[PDB]
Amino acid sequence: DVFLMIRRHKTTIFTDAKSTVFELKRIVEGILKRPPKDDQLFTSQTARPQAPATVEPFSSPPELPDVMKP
């Protein structure tokens, strides 16, 4: 069981899988009605529920308050 973040423009799908690249294209199809990594064209160690692997940036968090710095 492996947990992905499939990202593109300003949309993001969160989903899990076991299993080939081919069949994941089908899941997307399931969600965003289109038909069939890093700068290219995914493990229990590498992609966990709390830390999905990624398949537009997010906002930049504000400055740490002074009383919370070390």
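All residue numbers are counted from 1 along the displayed sequence.
Undergrad: Deposited residues absent from the coordinates between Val55 and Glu56, none, 1 to 3, 4 to 9, or 10 or more?
TA: Going from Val55 to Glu56, the model skips 10 or more residues of the deposited sequence.
Undergrad: Report, from the record, the number of residues in the deposited sequence between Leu41 and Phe42 that have no coordinates, as none, 1 to 3, 4 to 9, or 10 or more.
TA: According to the record, 10 or more deposited residues lack coordinates from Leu41 to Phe42.
Undergrad: Tell me which stretch, 59 to 67 or 3 to 11, has the higher mean Cα B-factor listed in the entry.
TA: The recorded data point to 3 to 11.
Undergrad: Quick check: 21 to 29 versus 43 to 51, which has the larger average CA B-factor in the record?
TA: Averaged over C-alpha atoms, the B-factors run higher in 21 to 29.
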